[PDB]
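What follows is a short report on a single structure.
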Amino acid sequence: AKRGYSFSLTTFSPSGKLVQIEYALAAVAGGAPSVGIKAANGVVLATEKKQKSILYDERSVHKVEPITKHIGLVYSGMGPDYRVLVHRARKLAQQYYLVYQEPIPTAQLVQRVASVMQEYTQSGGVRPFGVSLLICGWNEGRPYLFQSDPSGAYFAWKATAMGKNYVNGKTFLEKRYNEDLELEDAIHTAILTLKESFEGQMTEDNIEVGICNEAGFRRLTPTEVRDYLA
Amino acid sequence: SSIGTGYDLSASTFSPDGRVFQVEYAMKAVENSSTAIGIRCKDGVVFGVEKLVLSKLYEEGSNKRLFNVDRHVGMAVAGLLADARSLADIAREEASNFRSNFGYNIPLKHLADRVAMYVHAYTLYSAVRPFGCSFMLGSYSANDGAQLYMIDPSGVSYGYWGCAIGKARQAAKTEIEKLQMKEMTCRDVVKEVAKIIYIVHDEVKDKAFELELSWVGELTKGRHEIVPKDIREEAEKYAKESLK
Amino acid sequence: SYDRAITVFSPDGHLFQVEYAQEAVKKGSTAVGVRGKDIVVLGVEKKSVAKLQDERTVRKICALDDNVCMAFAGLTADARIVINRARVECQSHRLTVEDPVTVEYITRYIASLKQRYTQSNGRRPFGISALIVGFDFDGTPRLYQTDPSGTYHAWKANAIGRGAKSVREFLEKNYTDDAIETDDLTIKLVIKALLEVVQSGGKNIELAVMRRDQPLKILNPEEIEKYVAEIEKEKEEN
Amino acid sequence: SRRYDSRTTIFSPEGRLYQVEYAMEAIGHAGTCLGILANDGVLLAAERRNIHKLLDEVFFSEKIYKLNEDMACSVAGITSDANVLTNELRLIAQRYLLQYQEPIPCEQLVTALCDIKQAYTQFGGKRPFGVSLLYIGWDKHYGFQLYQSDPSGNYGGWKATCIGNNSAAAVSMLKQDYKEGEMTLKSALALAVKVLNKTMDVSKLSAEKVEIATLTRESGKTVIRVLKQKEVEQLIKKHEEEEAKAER
Amino acid sequence: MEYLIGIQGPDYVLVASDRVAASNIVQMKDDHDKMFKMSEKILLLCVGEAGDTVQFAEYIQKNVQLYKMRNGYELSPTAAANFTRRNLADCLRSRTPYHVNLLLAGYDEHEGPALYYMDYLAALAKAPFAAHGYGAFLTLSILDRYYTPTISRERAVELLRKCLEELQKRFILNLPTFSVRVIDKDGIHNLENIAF
Amino acid sequence: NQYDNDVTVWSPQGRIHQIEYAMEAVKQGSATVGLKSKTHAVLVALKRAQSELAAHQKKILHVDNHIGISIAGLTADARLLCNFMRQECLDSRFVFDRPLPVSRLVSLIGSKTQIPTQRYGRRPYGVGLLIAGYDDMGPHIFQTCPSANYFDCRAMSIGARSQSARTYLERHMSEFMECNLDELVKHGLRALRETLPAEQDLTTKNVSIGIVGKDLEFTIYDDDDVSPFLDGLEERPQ
Amino acid sequence: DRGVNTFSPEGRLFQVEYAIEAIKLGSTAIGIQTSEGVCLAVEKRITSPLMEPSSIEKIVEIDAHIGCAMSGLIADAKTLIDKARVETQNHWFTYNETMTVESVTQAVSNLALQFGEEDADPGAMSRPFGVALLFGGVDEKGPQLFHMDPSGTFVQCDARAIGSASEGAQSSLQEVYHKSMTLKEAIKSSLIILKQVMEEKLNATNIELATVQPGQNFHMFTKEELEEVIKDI
Amino acid sequence: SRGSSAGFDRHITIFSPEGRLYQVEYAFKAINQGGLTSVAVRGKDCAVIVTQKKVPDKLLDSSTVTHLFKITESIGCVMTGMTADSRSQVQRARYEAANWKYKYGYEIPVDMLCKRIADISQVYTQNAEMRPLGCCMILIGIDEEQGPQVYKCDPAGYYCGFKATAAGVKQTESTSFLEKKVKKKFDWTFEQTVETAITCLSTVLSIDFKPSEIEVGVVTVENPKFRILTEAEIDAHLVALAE
Ligand SMILES: [Cl-]
Ligand SMILES: [Cl-]
Ligand SMILES: [Cl-]
Ligand SMILES: [Cl-]
Ligand SMILES: [Cl-]
Ligand SMILES: [Cl-]
Ligand SMILES: [Cl-]
Ligand SMILES: [Cl-]
Ligand SMILES: [Cl-]
Ligand SMILES: [Cl-]
Ligand SMILES: [Cl-]
Ligand SMILES: [Cl-]
Ligand SMILES: [Cl-]
Ligand SMILES: [Cl-]
Ligand SMILES: [Cl-]
Ligand SMILES: [Cl-]
Ligand SMILES: [K+]
Ligand SMILES: [K+]
């Protein structure tokens with residue numbers, strides 16, 4: 001028999017800093033790198049899926065996930081925590097669809113998912129999520145890219161990177177990214193930002209990439225990733 | 001062998017070397033208790049327990065460490081007796097629930113499996129402490145044969161031919177290995193069970209003792225009951241005289 | 001739900017959490033009430049408003065019912081909870097029973113509320129003391145005061161907050177029938193005892209008066225400054 | 001269990017609440033946020049803390065929230081806690097509307113959220129919301145109004161105030177400049193840019209770094225607008241042109 | 001079965017209610033008041049089920065009062081009427097509903113004189129004039145006939161007189177006395193009770 | 001010590017200190033003696049006064065017509081356990097119309113007393129009981145402790161200086177089975193006497209007796225009703 | 001740091017022992033059980049001549065035949081007193097009779113150690129009551145006086161004192177008590193002992209005096225009547 | 001600054017300054033406290049489970065000492081770590097599998113069972129009141145659509161599919177062994193996979209064991225029924241290694 005703790009595990013330090021959120025930020029800043037780029041006619045999301053052994057089945061688990069027909073996800077941080085947020089995101093997307101009969105605006109999903117993240121910075125007996133989310137979407141004929149993080153704060157991006165070498169990946173994008181890309185160009189500059197932080201040789205098995213357009217959201221097949229890897 | 005201050009207060013906290021000390025300290029409580037024994041024979045299972053006389057003011061038969069959990073199932077306990085009784089009550093309810101749901105006597109292995117789940121549940125949380133005892137479960141039928149199981153504070157359960165728990169679990173096991181129990185009748189096993197308790201007993205540290213004995217085999221028609229005053233005293237005499 | 005005992009006894013037999021709440025009231029703004037013959041008057045101070053701030057909002061005189069009003073000292077955010085709980089209770093006593101609340105009853109409720117917060121799981125005590133002013137239906141004037149512990153007593157005159165020890169001692173020296181004779185001099189008695197401790201200036205003084213049968217009156221910074229003139233004309237001279 | 005309890009809703013020996021005052025520190029490190037009350041309106045002006053060449057600018061605002069037909073607020077502190085409170089502010093506003101069929105008076109809406117924030121300091125053993133809020137609005141009782149909200153759950157009505165970074169410097173700057181009863185919205189807009197420029201960190205000021213929202217009463221309707229980039233540009237440059245006329 | 005009536009003019013509201021407290025076949029009271037003071041300028045006239053009327057009316061009365069204490073100003077006649085409408089409508093699809101028919105008269109400093117009619121179903125309607133009870137069937141036509149939106153108080157009391165005389169002549173029930181009060185700029189004024 | 005603030009914390013030695021600390025509360029209470037013959041079960045307890053002006057504490061309590069108890073330790077924990085025992089005996093008579101066998105009632109205490117020793121935030125029962133009853137199996141003397149453990153005994157003593165009484169009974173335990181009731185009570189009194197210091201002996205004010213058996217229901221003799229037993233006394237020797 | 005239901009190595013609950021200590025800071029109260037009635041007396045402890053005299057109530061009425069003297073944390077006591085008053089009227093409703101002084105005291109004693117943190121209600125007690133109580137009255141067993149403290153333990157007393165000066169007043173009663181004392185001597189003794197152990201002089205407005213005797217009900221003494229018993233110093 | 005700590009981050013599942021969960025990391029060390037090593041390998045036509053069966057004495061009923069468990073007709077698992085912790089996870093897995101079929105009407109896929117156990121394991125990682133399970137579940141079975149499957153879940157909540165995998169004390173040495181056997185492409189038959197698994201455990205521990213000393217559970221395309229091999233059948237594959 002059990003009954004949980006009712007007190008917050010995230011409190012204010014004398015400096016005015018919620019240390020557990022910043023400590024959760026450290027968990028994502030140390031995870032595998034991930035990049036998202038808004039590209040005028042679509043969005044691209046790519047991640048390092050280096051399992052660091054040939055024994056793994058590269059096809060079994062995925063890091064780039066669909067939330068609905070028009071929304072996708074990537075993360076940097078803890079895999080298990082991310083899974084919780086994916087499941088919650090998918091349910092929120094359906095809850096919205098059932099009520100309004102209209103694909104959830106990406107902005108509205110992110111707000112709803114970010115609120116779930118906020119809960120774990122104030123609720124009792126729990127630690128915050130050690131994941132930052134990168135959420136892409138297409139609604140009203142416009143591409144969207146959003147970032148959610150352990151704080152429960154959310155941001156809108158033209159392009160960004162997170163995880164290992166997120167600082168170097170960001171400056172690279174500042175110089176490299178220009179507005180009004182075509183989507184197929186964005187996959188290149190996404191894989192290029194990923195190459196900056198890699199360490200090893202890139203095969204279609206080592207990285208995972210998803211795309212979002214007017215036709216919806218899908219993850220690229222291993223054969224498609226190979227064709228961009230040249 | 002132990003960890004101070006932090007990692008040994010709660011059962012919801014792992015120690016740096018991957019250990020739950022709260023379970024291990026509860027396992028220490030049983031190691032301090034007097035020895036309980038039980039060995040599987042050809043046609044049943046016998047139990048033997050040394051019961052240390054704290055005061056001569058207590059009744060002969062007080063602090064029974066041999067229980068009837070179900071008509072065909074007997075329990076032998078060692079450790080914090082207060083916990084041992086609650087687990088005896090939990091085990092009773094489980095055997096009762098099984099008949100209510102399925103219509104026949106609980107298979108012993110399953111009874112052990114079920115009670116073990118309940119024990120284990122008290123090893124995961126800060127809200128509760130682990131059970132400070134270890135117990136054996138014995139039964140007999142013509143279908144399943146003679147069966148003997150033992151559960152400890154972690155929630156682990158295994159089958160046995162011979163088993164012992166408490167102070168001198170080691171002194172008992174080496175004496176049990178000597179027996180060809182796979183061929184022995186349960187009338188014979190009682191005599192040997194009685195002498196092993198006497199050998200195991202420390203008559204120079206502990207003051208004195210009583211011997212508790214249980215049945216569960218063909219001679220009892222499959223029902224678990226106490227060994228008669230007559231048969232016990234023959235086995236007690238056997239124990240005292242082959243002690244030389 | 002949060003089930004931790006917040007307020008517990010110390011080895012010396014002290015309720016530290018309740019005592020800390022009394023430190024909060026001692027840090028509070030000066031509040032003084034005095035019972036007259038025909039009227040009762042409250043006065044509240046240590047206002048120190050930035051004069052960039054609209055002061056209609058930060059008023060420490062509150063009316064609980066038609067015939068009951070109160071002043072507080074300490075954590076002003078805590079006070080608002082107590083005040084509105086007392087306002088709800090004022091309307092419930094009117095629903096369960098025909099009669100309006102007696103001053104002693106509302107004081108007893110506020111006191112029972114504060115007491116409950118010293119012995120209940122999960123919560124800290126309130127950080128306010130109250131001065132409750134009202135009239136009986138028979139017309140006899142009543143003044144009461146409460147504190148974080150949950151105790152309440154009736155007073156002829158009293159002060160709570162910072163400079164309470166100083167103003168209280170003044171009232172003991174200055175509370176006779178010569179001062180209570182008129183309605184004006186009792187109001188003056190408040191202002192004098194008030195201006196005795198505050199960083200001087202009638203501009204920092206908000207005080208309320210209520211007559212036996214009249215609705216509560218909050219005074220014009222005109223009316224009070226007129227009385228601050230009758231003190232300075234009779235200070236250099238007297 | 002009690003070994004892990006931080007005891008958030010507890011009294012300190014001095015008679016003060018630690019978590020509340022520690023939350024106050026969080027506000028100081030957040031963006032500078034000012035509100036000024038005028039005769040024919042009221043405005044919010046706040047420092048944008050989300051600035052980057054790579055940010056997308058999807059929403060109308062970063063720190064300004066519309067809560068009501070006749071009310072808007074601005075925020076300083078942890079933005080997630082801010083989102084929780086502003087959504088709740090929008091709810092309380094609608095509940096009042098549903099019940100009485102007229103908009104919630106300004107002070108009342110503020111009071112309601114303050115009661116929730118105060119409850120978080122007394123019971124429940126939770127951390128308080130690390131947010132200070134500036135409310136601006138119009139009701140039929142007190143006209144144009146400005147309010148300040150503390151994480152303590154304490155509130156006050158102001159003619160001019162500021163919260164966040166270099167807050168104390170910004171208010172004493174306003175204390176000298178603010179002309180009581182004589183302030184027009186044009187005067188208050190100019191003062192906002194003046195106070196911000198001295199108070200802000202990066203020094204020159206920019207239309208990407210500041211956010212300004214005006215609340216006016218036009219044609220029997222309360223009009224709320226978040227100022228366009230072309231408008232902020234002219235507001236900064238009119239102060240810049242006056243900074244060049246200050247020498248001889 | 002009781003009677004309520006309201007007449008709204010250009011700058012005033014005239015209200016009247018019968019003074020009978022009836023049980024089965026007997027008149028228990030000759031001088032019962034069916035008006036409730038909510039504010040200085042809001043009256044709530046209630047009618048219907050015996051135990052339900054006073055309990056409901058006072059609950060609303062005490063909450064309008066609570067609002068005044070909590071805010072230092074009173075509810076507008078509209079806000080009041082809409083509050084009482086919400087409270088009745090929420091009890092409609094419940095295990096215990098209130099069978100009360102009510103009339104809210106009030107004066108707003110901005111909007112002016114107001115008269116609100118409410119069902120036991122909790123449908124709210126603003127009217128220049130209205131009446132509750134079976135008497136309405138006999139009086140609403142008289143009101144329809146002689147009402148102009150610019151009616152003076154002298155003429156309005158005379159119009160109420162014409163309506164109450166009809167209740168004596170044609171209505172089967174015995175209602176000999178009525179409470180008469182006027183709401184305006186200065187508040188609620190008790191007027192000479194009309195007896196027959 | 002840090003292994004001794006909660007019942008859910010095991011000591012490295014394999015022990016629970018909070019159970020043992022509760023066991024100390026029993027030893028601090030005044031002595032009480034239980035013994036039985038083949039026909040009767042007798043409780044003899046020593047009443048204690050904090051001052052000479054205050055009366056003596058109740059030591060022996062009613063449970064049912066066939067069951068009685070003597071307490072040692074905390075008063076409230078004793079009263080709580082007494083009410084549980086009474087409720088169990090009531091439910092037994094309500095349902096089965098026959099008195100609850102002593103063995104089973106004690107087993108229920110053993111099960112109930114165990115619960116709080118295993119849950120965090122809870123505590124052990126600060127009382128030990130001596131239970132005298134009569135049923136189909138004849139007279140019974142039972143012993144309960146803060147630890148949920150319980151014992152079936154021929155005779156027992158618990159409380160302050162109960163070791164002296166324990167040794168007396170241990171010598172004369174073979175005597176009790178053929179004892180007449182009057183001889184049985186004197187044995188109980190003689191053991192209780194051993195607990196007292198040499199200066200003082202059993203008085204009519206400080207001795208309480210409870211008796212249940214084949215002849216009669218459980219009865220408590222206190223003051224005037226007690227002197228028949230005390231009179232006829234072999235003198236205190238050494 | 002520990003929990004509220006923690007045993008000392010000695011064998012006591014810390015919070016209880018600390019609650020006993022809180023009473024040692026409370027004003028002294030005396031009760032005397034006379035064969036012809038019970039008298040209760042207490043010092044008010046006026047902090048200022050501005051405080052209203054009859055405002056402090058450390059002796060209250062529970063029932064027609066029962067009086068209760070209180071010491072320690074006054075705020076804790078009045079929660080317990082309302083509970084005592086509720087019990088008498090619940091019992092009156094159910095049984096159409098007045099409760100015994102023992103049962104009333106026993107009822108209040110049931111709330112004793114009903115405090116805790118975990119495995120408890122939302123409104124369950126966090127701590128004990130820093131109060132001692134003297135229940136004095138007349139039932140069908142003559143006049144009686146009972147004493148109760150936060151341990152829950154309650155016992156009858158022929159005469160008892162509790163408060164700051166407890167031991168001093170206890171010794172003064174010890175050498176001045178006959179179980180045959182008259183009620184005239186009973187009120188006198190309490191008034192004589194009260195002035196000895198106090199920091200302030202005995203005034204007519206300084207103390208509360210109460211009597212419960214077989215014939216007449218519980219009586220709160222009026223200032224004029226107090227001046228007749230303070231006439232015989 | 002690797003391996004820094006502050007607060008109660010070593011005791012409860014909250015973050016360290018680095019952003020780690022030490023209590024989760026300690027739970028992996030609890031897997032080795034079992035003192036046993038588990039190996040699983042996948043072929044084209046099968047999946048094979050293998051683990052050391054240590055029996056301290058002949059007093060133990062040898063038939064009751066096992067870390068091989070059946071969750072479903074089609075799905076089996078090998079458990080590594082604390083015995084009682086492992087049994088709880090098995091019971092919960094059976095519950096989840098039977099629960100799945102009641103809601104959805106088809107046999108639970110090996111990958112889906114693993115994810116479900118992982119999501120539950122995640123909860124012990126985020127909530128402070130309970131410790132993670134110091135055990136390791138390697139699942140096998142045949143997906144009607146995607147061929148043979150081998151899946152592993154964590155006390156961390158991590159889950160993945162594998163060509164081959166080890167767990168426990170000699171994990172790290174046996175994963176390196178398996179990598180060398182993977183690089184070279186054999187014909188992954190039933191015999192090849194069984195022996196690859198057996199020879200892996202016989203080299204890292206260096207025993208050359210009796211049939212009684214190990215346990216083998218298999219799953220095959222022709223016979224998707226999860227079967228534990230018993231003494232006589234293991235003995236055949238052991239004398240087949242010595243040819
Ligand atoms: Cl808690
Ligand atoms: Cl994962
Ligand atoms: Cl929705
Ligand atoms: Cl996809
Ligand atoms: Cl209400
Ligand atoms: Cl409450
Ligand atoms: Cl004060
Ligand atoms: Cl933030
Ligand atoms: Cl709570
Ligand atoms: Cl209201
Ligand atoms: Cl309907
Ligand atoms: Cl122990
Ligand atoms: Cl006690
Ligand atoms: Cl003892
Ligand atoms: Cl105690
Ligand atoms: Cl005391
Ligand atoms: K209906
Ligand atoms: K405890």
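Labeling convention for the structure tokens: chains A, B, ... as they appear, residues from 1 per chain, ligands from 1 in order of appearance.
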Margin query: I'd like the contact shell of residue C:130 - 6 Å cut-off, only C-alpha atoms, skipping same-chain residues fewer than 3 positions apart - returned as an MDAnalysis selection string.
Written below: chainID C and resid 71:72 145:146
For the residues in the current selection, export C-alpha atoms as an mmCIF file, in the first residue's frame.
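As a result, out-v3.cif now contains:
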```cif
data_model
loop_
_atom_site.group_PDB
_atom_site.id
_atom_site.type_symbol
_atom_site.label_atom_id
_atom_site.label_comp_id
_atom_site.auth_asym_id
_atom_site.auth_seq_id
_atom_site.Cartn_x
_atom_site.Cartn_y
_atom_site.Cartn_z
ATOM 1 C CA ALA C 71 -8.562 47.155 11.515
ATOM 2 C CA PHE C 72 -5.561 44.832 11.152
ATOM 3 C CA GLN C 145 -8.882 42.436 19.381
ATOM 4 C CA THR C 146 -7.418 39.097 18.236
#
```
Margin query: Using only C-alpha atoms, I'd like every residue of chain F that has an atom within 12 Å of chain D; please write them out as a ChimeraX atom specification.
Written below: /F:2,5-6,8-9,119-121
Notebook entry, point to check: Can you tell me, as a list in words, what residues are no more than 7 Å from residue F:43 when counting only C-alpha atoms, ignoring any on the same chain fewer than 4 positions away?
Noted result: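 Close residues of residue F:43: residues 33, 34, 35, 70, 132, 209, 210 and 211 of chain F.
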What does the list of residues within 10 Å of ligand 13 look like if you count only C-alpha atoms and all ligand atoms, written as a PDB file with C-alpha atoms, in the first residue's frame?
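Once written, selection-v1.pdb looks like this:
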```pdb
ATOM      1  CA  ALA F  25       6.253   3.100  28.762  1.00  0.00           C
ATOM      2  CA  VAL F  26       4.849  -0.180  30.131  1.00  0.00           C
ATOM      3  CA  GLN F  28       7.116   2.975  34.028  1.00  0.00           C
ATOM      4  CA  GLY F  29       3.486   2.289  34.995  1.00  0.00           C
ATOM      5  CA  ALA F  72       0.243  -0.586  32.155  1.00  0.00           C
ATOM      6  CA  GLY F  73       1.540   2.451  30.251  1.00  0.00           C
ATOM      7  CA  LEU F  74      -0.198   5.330  28.469  1.00  0.00           C
ATOM      8  CA  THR F  75      -3.782   6.039  29.577  1.00  0.00           C
ATOM      9  CA  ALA F  76      -5.197   7.026  26.155  1.00  0.00           C
ATOM     10  CA  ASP F  77      -3.619   4.037  24.390  1.00  0.00           C
ATOM     11  CA  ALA F  78      -5.072   1.798  27.109  1.00  0.00           C
ATOM     12  CA  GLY F 126       2.099   2.662  24.455  1.00  0.00           C
ATOM     13  CA  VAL F 127       0.351   0.110  26.673  1.00  0.00           C
TER      14      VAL F 127
ATOM     15  CA  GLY G  11       8.984   6.177  27.073  1.00  0.00           C
ATOM     16  CA  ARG G  12       6.947   9.345  26.514  1.00  0.00           C
ATOM     17  CA  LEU G  13       5.659  11.358  23.558  1.00  0.00           C
ATOM     18  CA  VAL G  16       2.827  15.649  25.180  1.00  0.00           C
ATOM     19  CA  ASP G 149      -3.821  17.098  31.144  1.00  0.00           C
ATOM     20  CA  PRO G 150      -2.652  16.601  27.477  1.00  0.00           C
ATOM     21  CA  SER G 151      -1.591  12.977  28.165  1.00  0.00           C
ATOM     22  CA  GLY G 152      -5.327  12.235  28.323  1.00  0.00           C
ATOM     23  CA  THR G 153      -5.010  10.979  31.893  1.00  0.00           C
ATOM     24  CA  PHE G 154      -7.863  12.113  34.132  1.00  0.00           C
TER      25      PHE G 154
END
```
Next item on the list: Using only C-alpha atoms, select each residue of chain C with any atom at most 9 Å away from an atom of chain G, and give the selection as a PyMOL selection string.
Entry: chain C and resi 1-15+111-112+115-116+118-122+149-158+168-169+171-172+175
Margin query: At a cut-off of 12 Å, using only C-alpha atoms, what residues contact residue E:55? Leave out same-chain residues fewer than 2 positions from it and give the result as a list in words.
Written below: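 Neighbouring residues, sequence-local ones excluded: residues 94, 95, 96, 97 and 98 of chain C; 36, 46, 47, 48, 49, 50, 51, 52, 53, 57, 58, 59, 60, 61, 62, 98, 99 and 100 of chain E.
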Please produce an output containing N, CA and C atoms for each residue in the selection, written as a PDB file, in the first residue's frame.
```pdb
ATOM      1  N   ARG C  94     -26.802  35.694   9.319  1.00  0.00           N
ATOM      2  CA  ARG C  94     -28.028  36.353   8.882  1.00  0.00           C
ATOM      3  C   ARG C  94     -28.994  35.403   8.165  1.00  0.00           C
ATOM      4  N   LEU C  95     -28.470  34.293   7.645  1.00  0.00           N
ATOM      5  CA  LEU C  95     -29.289  33.294   6.952  1.00  0.00           C
ATOM      6  C   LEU C  95     -29.780  32.180   7.876  1.00  0.00           C
ATOM      7  N   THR C  96     -28.895  31.698   8.747  1.00  0.00           N
ATOM      8  CA  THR C  96     -29.224  30.638   9.705  1.00  0.00           C
ATOM      9  C   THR C  96     -30.118  31.186  10.817  1.00  0.00           C
ATOM     10  N   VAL C  97     -29.839  32.424  11.214  1.00  0.00           N
ATOM     11  CA  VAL C  97     -30.591  33.136  12.242  1.00  0.00           C
ATOM     12  C   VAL C  97     -30.991  34.495  11.662  1.00  0.00           C
ATOM     13  N   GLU C  98     -32.165  35.001  12.032  1.00  0.00           N
ATOM     14  CA  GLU C  98     -32.627  36.310  11.553  1.00  0.00           C
ATOM     15  C   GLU C  98     -31.678  37.443  11.961  1.00  0.00           C
TER      16      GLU C  98
ATOM     17  N   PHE E  36     -38.234  42.149  -0.965  1.00  0.00           N
ATOM     18  CA  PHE E  36     -36.935  41.972  -0.324  1.00  0.00           C
ATOM     19  C   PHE E  36     -35.989  43.091  -0.740  1.00  0.00           C
ATOM     20  N   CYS E  46     -40.818  38.122  -4.639  1.00  0.00           N
ATOM     21  CA  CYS E  46     -40.837  36.674  -4.855  1.00  0.00           C
ATOM     22  C   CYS E  46     -42.193  36.024  -4.586  1.00  0.00           C
ATOM     23  N   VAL E  47     -42.471  34.959  -5.337  1.00  0.00           N
ATOM     24  CA  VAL E  47     -43.768  34.281  -5.334  1.00  0.00           C
ATOM     25  C   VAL E  47     -43.610  32.815  -5.754  1.00  0.00           C
ATOM     26  N   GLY E  48     -44.391  31.925  -5.139  1.00  0.00           N
ATOM     27  CA  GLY E  48     -44.365  30.503  -5.491  1.00  0.00           C
ATOM     28  C   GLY E  48     -44.492  29.557  -4.311  1.00  0.00           C
ATOM     29  N   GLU E  49     -43.748  28.451  -4.367  1.00  0.00           N
ATOM     30  CA  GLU E  49     -43.758  27.425  -3.317  1.00  0.00           C
ATOM     31  C   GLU E  49     -43.447  28.001  -1.938  1.00  0.00           C
ATOM     32  N   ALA E  50     -44.190  27.525  -0.940  1.00  0.00           N
ATOM     33  CA  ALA E  50     -44.233  28.124   0.399  1.00  0.00           C
ATOM     34  C   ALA E  50     -42.884  28.257   1.111  1.00  0.00           C
ATOM     35  N   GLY E  51     -42.128  27.165   1.176  1.00  0.00           N
ATOM     36  CA  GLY E  51     -40.839  27.169   1.863  1.00  0.00           C
ATOM     37  C   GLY E  51     -39.692  27.650   0.994  1.00  0.00           C
ATOM     38  N   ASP E  52     -39.863  27.510  -0.316  1.00  0.00           N
ATOM     39  CA  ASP E  52     -38.800  27.761  -1.286  1.00  0.00           C
ATOM     40  C   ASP E  52     -38.549  29.239  -1.573  1.00  0.00           C
ATOM     41  N   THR E  53     -39.614  30.039  -1.554  1.00  0.00           N
ATOM     42  CA  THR E  53     -39.536  31.468  -1.876  1.00  0.00           C
ATOM     43  C   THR E  53     -38.592  32.247  -0.964  1.00  0.00           C
ATOM     44  N   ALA E  57     -35.004  33.739  -1.921  1.00  0.00           N
ATOM     45  CA  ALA E  57     -34.957  35.203  -1.938  1.00  0.00           C
ATOM     46  C   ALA E  57     -33.895  35.764  -0.998  1.00  0.00           C
ATOM     47  N   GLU E  58     -33.821  35.204   0.209  1.00  0.00           N
ATOM     48  CA  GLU E  58     -32.851  35.634   1.214  1.00  0.00           C
ATOM     49  C   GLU E  58     -31.421  35.238   0.856  1.00  0.00           C
ATOM     50  N   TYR E  59     -31.262  34.080   0.216  1.00  0.00           N
ATOM     51  CA  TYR E  59     -29.949  33.632  -0.249  1.00  0.00           C
ATOM     52  C   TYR E  59     -29.362  34.617  -1.257  1.00  0.00           C
ATOM     53  N   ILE E  60     -30.186  35.037  -2.217  1.00  0.00           N
ATOM     54  CA  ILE E  60     -29.786  36.048  -3.193  1.00  0.00           C
ATOM     55  C   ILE E  60     -29.552  37.385  -2.486  1.00  0.00           C
ATOM     56  N   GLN E  61     -30.481  37.756  -1.603  1.00  0.00           N
ATOM     57  CA  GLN E  61     -30.383  38.980  -0.803  1.00  0.00           C
ATOM     58  C   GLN E  61     -29.051  39.078  -0.055  1.00  0.00           C
ATOM     59  N   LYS E  62     -28.653  37.980   0.584  1.00  0.00           N
ATOM     60  CA  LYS E  62     -27.427  37.934   1.382  1.00  0.00           C
ATOM     61  C   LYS E  62     -26.144  37.973   0.549  1.00  0.00           C
ATOM     62  N   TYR E  98     -36.138  25.041  -7.410  1.00  0.00           N
ATOM     63  CA  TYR E  98     -36.970  26.057  -6.768  1.00  0.00           C
ATOM     64  C   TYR E  98     -38.092  26.543  -7.678  1.00  0.00           C
ATOM     65  N   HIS E  99     -39.325  26.379  -7.207  1.00  0.00           N
ATOM     66  CA  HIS E  99     -40.503  26.837  -7.934  1.00  0.00           C
ATOM     67  C   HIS E  99     -40.866  28.225  -7.491  1.00  0.00           C
ATOM     68  N   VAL E 100     -40.068  29.192  -7.939  1.00  0.00           N
ATOM     69  CA  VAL E 100     -40.259  30.594  -7.575  1.00  0.00           C
ATOM     70  C   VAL E 100     -40.398  31.492  -8.806  1.00  0.00           C
TER      71      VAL E 100
END
```
